[PDB]
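S.K.: no FASTA, just this:
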Ligand SMILES: [Fe+3]
Ligand SMILES: [Fe+3]
Ligand SMILES: [Fe+3]
Ligand SMILES: [Fe+3]
Ligand SMILES: [Fe+3]
Ligand SMILES: [Fe+3]
Ligand SMILES: [Fe+3]
Ligand SMILES: [Fe+3]
Ligand SMILES: [Fe+3]
Ligand SMILES: [Fe+3]
Ligand SMILES: [Fe+3]
Ligand SMILES: [Fe+3]
Ligand SMILES: [Fe+3]
Ligand SMILES: [Fe+3]
Ligand SMILES: [Fe+3]
Ligand SMILES: [Fe+3]
Ligand SMILES: [Fe+3]
Ligand SMILES: [Fe+3]
Ligand SMILES: [Fe+3]
Ligand SMILES: [Fe+3]
Ligand SMILES: [Fe+3]
Ligand SMILES: [Fe+3]
Ligand SMILES: [Fe+3]
Ligand SMILES: [Fe+3]
């Protein structure tokens, strides 16, 4: 029952993505309140940072503990340019989340090729949260194309944060 | 991360099946009480109509909202012949439910061929409810081969309706 | 006390209307969230779909069970064109609801001509829900002529859905 | 929708494994308290016996009831040699549990080759409990390499038994 | 106070009987629902399987722990033929239960011949459950000679399962 | 009331330290359970990771929001060598925590030199948590010099984690 080295590497790379994304999203959350004057958009993005630098990363380490796989910590992230407005900050988050979806799909395809059924099971969480976290992000992006008032958008975000689907929750 | 057109079509066809089945099952529920004098068999079939014209159909539209897929509404259903007895009405429901199982299997096979792992996840609900809803139907069919009294059968159906397995519930 | 064949036909046609309307309204609810970015307008229209494909249809079948009338299921519905904006989607719903009012009036007139007093009683529910469901729809249509912000309108719809008159409730 | 004979056989063989393992684990639990003077290690192994001779076996029979598959009961188990110490008794349990993992993987691979998506769904429970039950076992094995006192180990086992992960629980 | 080798052997043989009976009764419970369409008769027989493969077996191992006796695990059971109907399945269970009574009597006679008063005490539980478990079984057998309807019998079994005498409970 | 650029830089460097420390401590927590077989030592170090990558980092960004200071995200961390035992893993954490104390002292000295009294106030939290978090770490280090049993140490850590001083809490 020996562990696939290719999955270890793909999952160590997913650990990295999640760590680094959450570190950018912590900055973007700072920028959303500070520069863009939108406190609740930052709360939304802070909650994403904490999801990524949290359960998304810890589930990988736990799996590794159980399967014999090794953890690798190599992190390199710099926020050197910030988007111009808040619409674009949330659109950037989206872009990154759609990319998470593409990476997760690759781990699933590999698990099936390596006949690792425990890794395919493990990734099913990530297959689902991929669409979910993007759906959440899209719903905020939508708002910026539905109002020209930042204060109306901000109140809609409030309620969204101050709120589980049977398939995707 | 662009959507498979073949899955959209298979899932738009599953939406249609569920809409149309529930419309037949609403008729069959009417017929079970009206013509066949079995009120609780109709309650069982009304509950199936409502499952199909409900969650089975709405989960598809929600997925579509999230993935970029399009909804299509083309419905054509007519109940032109009704079964002769109640045993046969429930046996007809069974037949249709075993066919749901075969259709769902095809969506799963395609998702794996198209490498759509989010659609394979989505269909896992339907893989499971396929067997479940058939199991429920079979359990009523069984009754008609275990009694010659419609009133005993009816009381067994009562209790069954007036009632979640860890794998299939 | 033998049943009027003309009322059976008018009520079998009303069953059809309600089934088919609810199937269009389920699509329109999908479109209101998906394309038009208005989640709560779709919840409003989903609630209408469920009313029509529910109590409006089931009360007819129950009556039929009691009076000797026959149910007919012949459904043909296709959504081939969708309105351009959300104002027009709700204005289309209105149009269809004002037409329900005209059809219900015809069943009432016929019942009185056929001296079916039980059908006139039965239709009194529909006489009342006709104006009610239109009033509800008009109240949403009004909003689109009172704001240019989709997000303000959406919050007014929220509260309206997240809410019985002594004559019309 | 006709049942795969190869899955029936693989699942009838898994039924056998679980029955026979639980019968050995009931003996090993006896031996852990009686000969090895470790009451709580036996409680841990008695709880495994009961899991195997319980839900692991009953879920297979239930599935069979639903899919048309046949149950086969052919059991042959003898405990003819017992390990020398308790470290080795738990290490033997581990070995057997890692083998369960390998067998479950084979059922999954076959289900995908036979295009049995309901069997792949069914086995997902077993894919998960495979790693879980091994993780539990490893955690006890670990203790024997962390203390030379059987009474300290025994108290750690106590607390472990006298205690659900979102992916593996 | 040294242990009788003859009682150890008789009680190791009783352990075997109980293990093997419960494994047949688990099959028969499967067959009662699956083939014979009687879900509650199988629940009754599943409850017997669990009694035998449970307390009947564990009390022997516990005694052994206390008296110095050895446990032996040698199990060989195959279900190669199933009864034709449900009356006969329950009549087969009866036969096997009346045989339990005869075996238990022999352990008691031996204990008194070996002057093992602690084994005579221990067996008093089994002397009592022998008649009890047979009484329960007879009460179900009776039903099959009192109705020709499987659905009436099934409802009587339901209530019996969904239910302690001062001497036999 | 214009912000000191030197404090911004020192506090942006403290943000970096805390992010990077928590990422190493997440690895070390993995290693403490996985390799060193000490689950509760890892829980202790996971709790430190979360403190650092949490409140220690967020309080800096909040301050920045209020004072006009800029956030900088430049992270570079790699775990390339792991300590040999668990005593040394906790001794490494200590070393790093005593270094936090030295860095915090420097921010305080600078604030007083720059006459930034709001930054001196802000740092008072960090002056205090410096000694506290080290005290906590020392208390675990102590254990490894007080027992040779990893399982006794582990139970002492359990209780410590499963547990506010008026000056340092
Ligand atoms: Fe604020
Ligand atoms: Fe979340
Ligand atoms: Fe393959
Ligand atoms: Fe997430
Ligand atoms: Fe009725
Ligand atoms: Fe249901
Ligand atoms: Fe492929
Ligand atoms: Fe269903
Ligand atoms: Fe939504
Ligand atoms: Fe309503
Ligand atoms: Fe008149
Ligand atoms: Fe209505
Ligand atoms: Fe004891
Ligand atoms: Fe368990
Ligand atoms: Fe294939
Ligand atoms: Fe298990
Ligand atoms: Fe059942
Ligand atoms: Fe009992
Ligand atoms: Fe004597
Ligand atoms: Fe018993
Ligand atoms: Fe653990
Ligand atoms: Fe803390
Ligand atoms: Fe000064
Ligand atoms: Fe701290």
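M.R.: That came in fine, so what should we check first? Residues are numbered from 1 along each chain as shown, chains lettered A, B, ... in the order given. Ligands and ions are numbered 1, 2, ... in the order given.
S.K.: And the helices in chain A?
M.R.: Secondary structure of chain A by DSSP state H: the helices cover A:5-34, A:39-52, A:55-67, A:86-113, A:117-143, A:150-161.
S.K.: TSV for these, including distance to residue E:156 and mean neighbour count?
M.R.: C-betas here are computed from N, CA, C, even on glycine. TSV is the format used below for these (distance: least, CB to CB, whole Å; neighbours: other CB atoms under 10 Å in any protein chain shown):
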stretch	distance to residue E:156	mean neighbour count
helix A:5-34	56	21
helix A:39-52	55	21
helix A:55-67	49	20
helix A:86-113	51	19
helix A:117-143	44	22
helix A:150-161	56	17
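S.K.: closest to ligand 8 out of the ones you listed?
M.R.: helix A:117-143 (20.0 Å; CB to the ion).
S.K.: Just put the helices of chain A in JSON lines and tack on distance to residue C:140.
M.R.: Converted to JSON lines, these look like this (distance: least, CB to CB, whole Å):
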{"stretch": "helix A:5-34", "distance to residue C:140": "32"}
{"stretch": "helix A:39-52", "distance to residue C:140": "27"}
{"stretch": "helix A:55-67", "distance to residue C:140": "40"}
{"stretch": "helix A:86-113", "distance to residue C:140": "27"}
{"stretch": "helix A:117-143", "distance to residue C:140": "19"}
{"stretch": "helix A:150-161", "distance to residue C:140": "18"}
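S.K.: Turn those helices into a markdown table, columns for distance to chain B.
M.R.: Listed next are these as a markdown table, based on distance: least, CB to the nearest CB, whole Å:
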| stretch | distance to chain B |
| --- | --- |
| helix A:5-34 | 14 |
| helix A:39-52 | 17 |
| helix A:55-67 | 16 |
| helix A:86-113 | 5 |
| helix A:117-143 | 5 |
| helix A:150-161 | 16 |
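S.K.: So for ligand 12, which of these sits nearest?
M.R.: Here helix A:150-161 is closest among these (CB to the ion), at 28.5 Å.
S.K.: what packs against that closest one?
M.R.: For helix A:150-161, the packing partners by 3 or more CB pairs under 8 Å, 6 or more residues apart in numbering or on different chains; DSSP states H and E come out as helix A:39-52, helix A:117-143, helix C:150-161.
S.K.: give me every residue that touches the residue nearest to residue A:40 when sequence neighbours are not counted.
M.R.: Spatially, and ignoring its direct neighbours in sequence, residue A:40 is nearest to residue A:157 (4.2 Å; CB to CB, 6 or more residues apart in numbering or on different chains). Neighbouring residues of residue A:157 by CB atoms under 8 Å, 6 or more residues apart in numbering or on different chains: A:38, A:40, A:41, A:43, A:44, A:140, A:143.
S.K.: go with 7 Å
M.R.: Each residue near residue A:157 by CB atoms under 7 Å, 6 or more residues apart in numbering or on different chains is listed here: A:40, A:41, A:44, A:140.
S.K.: Give me the contact list for stretch A:162-169.
M.R.: Here stretch A:162-169 has contacts from A:128, A:131, A:132, B:59, B:122, B:125, using CB under 7 Å, 6+ apart.
S.K.: Could you rerun that using 8 Å?
M.R.: A:128, A:131, A:132, A:135, B:59, B:62, B:63, B:66, B:121, B:122, B:125.
S.K.: Would you mind listing the buried residues in that stretch?
M.R.: A:167, A:168 (16 or more other CB atoms under 10 Å in any protein chain shown).
S.K.: Do any residues in that stretch lie close to ligand 8?
M.R.: No: Stretch A:162-169 lies out of reach of ligand 8 by CB under 5 Å from the ion, never closer than 11.8 Å.
S.K.: Tell me how far that stretch lies from the chain's centre.
M.R.: The chain centre lies 16 Å from the centre of stretch A:162-169; the measure is CA atoms, centre = their mean, to the nearest Å.
S.K.: Stretch A:121-135 and chain C, any residue contact?
M.R.: No: in terms of CB under 8 Å from any CB of the partner chain, no part of stretch A:121-135 sits within range of chain C; the closest distance is 11.2 Å.
S.K.: ok, is that stretch in contact with ligand 4 or not?
M.R.: Yes: using CB under 5 Å from the ion as the criterion, contacts between stretch A:121-135 and ligand 4 involve A:129, A:133.
S.K.: distance of residue A:111 from residue F:21?
M.R.: Using CB to CB, to the nearest Å, residue A:111 is found at 33 Å from residue F:21.
S.K.: To residue E:83, which of the helices of chain A lies closest?
M.R.: helix A:117-143 (39.1 Å; CB to CB).
S.K.: now the angle from that closest one to helix C:150-161?
M.R.: Here the directions of helix A:117-143 and helix C:150-161 differ by 110 degrees (axes from the mean of the first three to the mean of the last three CA atoms, to 10 degrees).
S.K.: Run the contact check for helix A:117-143 versus chain D.
M.R.: Yes: remark: helix A:117-143 sits within contact range of chain D at A:117, A:118, A:121, A:122, A:125, by CB under 8 Å from any CB.
S.K.: Get me the contact residues on chain A for chain C.
M.R.: A:139, A:142, A:143, A:145, A:146, A:147, A:148, A:149, A:152, A:153, A:155, A:156.
S.K.: ok, the residues you listed vs chain D, which is closest?
M.R.: Chain D lies nearest to residue A:139 out of those, by CB to the nearest CB, at 23.9 Å.
S.K.: excluding its backbone neighbours, what's nearest the closest one?
M.R.: Closest to residue A:139 by CB to CB, 6+ apart is residue A:160, at 6.9 Å.
S.K.: show me what contacts that neighbour?
M.R.: A:44, A:136, A:139, A:140.
S.K.: Next: residue A:15.
M.R.: A:57, A:60, A:61, A:71, A:72, A:73.
S.K.: One more: residue A:64?
M.R.: Taking CB under 8 Å, 6+ apart, one finds A:8, A:11, A:70, A:71, F:30, F:34 in contact with residue A:64.
S.K.: The third one reaches residue A:12, doesn't it?
M.R.: Going back to what we said before, that points to residue A:70. Yes: using CB atoms under 8 Å, residue A:70 is in contact with residue A:12, at 7.5 Å.
S.K.: Which part of chain A gets nearest to chain D, residue-wise?
M.R.: residue A:117 (4.5 Å).
S.K.: quick one: the residue nearest to that residue when sequence neighbours are not counted from residue D:123, how far?
M.R.: Closest residue to residue A:117 apart from its sequence neighbours, by CB to CB, 6+ apart: residue D:108 at 4.5 Å. As judged by CB to CB, residue D:108 and residue D:123 stand 5 Å apart.
S.K.: can you check residue A:75 too?
M.R.: For residue A:75, the distance to residue D:123 - CB to CB - is 37 Å.
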